[PDB]
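Visitor:
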Amino acid sequence: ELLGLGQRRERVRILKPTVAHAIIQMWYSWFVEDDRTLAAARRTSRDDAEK
Amino acid sequence: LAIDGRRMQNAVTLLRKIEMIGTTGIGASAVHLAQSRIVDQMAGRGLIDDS
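Heads up: the protein sequence lines correspond to chains A and B, in order. To convert, note that position 21 of the first sequence is 630 in the entry's author numbering; the numbers rise steadily by one, no gaps. To convert, note that position 33 of the second sequence is 693 in the entry's author numbering; the numbers rise steadily by one, no gaps.
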């Protein structure tokens, strides 16, 4: 449907083409990484200035 | 006066000696590590926690 052109195309095949997977994957981690870190700093320092 | 001078030529010298020997570096390592446990001691409590 997003292609949504009616209705089904039978055997279109795409590569599981890479690259983005890896890149977006670093992404997944860091939004991860940092958050954890900031969160943690707010946790014990601890104390106003950081949070 | 004479007495302090002798005792404390020992005193002084031993003291200087101590400073130096301790700033040997590892020991200086002890300084960061032992501090930190003492940091824990310095930071065991909340009040103490401001390190």
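For each residue, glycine too, the CB sits at the ideal point set by N, CA and C.
Name the two residues that bound the continuous alpha helix (DSSP H) containing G665/B.
Guide: In the second sequence, the residue the question calls residue 665/B occupies position 5. Note, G665/B: alpha helix (DSSP H), 662-682.
Visitor: Give the straight-line distance between the Cα atoms of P626/A and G615/A, rounded to the nearest whole angstrom.
Guide: Counted from its first residue, the first sequence places residue 626/A at position 17. Counted from its first residue, the first sequence places residue 615/A at position 6. Near 25 angstroms, if we compare the C-alpha coordinates of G615/A and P626/A.
Visitor: Please report the straight-line C-alpha distance between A694/B and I632/A, rounded to a whole angstrom.
Guide: In the second sequence, residue 694/B corresponds to position 34, counting from 1. In the first sequence, residue 632/A corresponds to position 23, counting from 1. So the alpha carbons of these two residues sit roughly 42 angstroms apart.
Visitor: For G706/B, name the three-state secondary structure that DSSP assigns.
Guide: Residue 706/B sits at position 46 when you count from the first residue of the second sequence. Coil, per DSSP.
Visitor: Taking only the alpha-carbon atoms, compute the straight-line gap between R667/B and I708/B and give it to the nearest angstrom.
Guide: For the purposes of this step, residue 667/B is taken as residue 7 along the second sequence, with counting starting at 1. For the purposes of this step, residue 708/B is taken as residue 48 along the second sequence, with counting starting at 1. Distance between the alpha carbons of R667/B and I708/B: 38 angstroms.
Visitor: Kindly indicate the opening and closing residues of the alpha helix (DSSP H) around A658/A.
Guide: Counted from its first residue, the first sequence places residue 658/A at position 49. That residue, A658/A, is in no alpha helix (DSSP H); it is neither H nor E in DSSP.
Visitor: List the endpoints of the continuous alpha helix (DSSP H) containing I633/A.
Guide: Within the first sequence, the letter at position 24 stands for residue 633/A. It spans 629-653 - the alpha helix (DSSP H) in which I633/A sits, taken as one unbroken run.
Visitor: Rounding to the nearest angstrom, what Cα-Cα distance links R645/A and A690/B in this structure?
Guide: Looking up residue 645/A in the first sequence gives position 36. Looking up residue 690/B in the second sequence gives position 30. If you take the alpha carbons of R645/A and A690/B, they lie about 31 angstroms apart.
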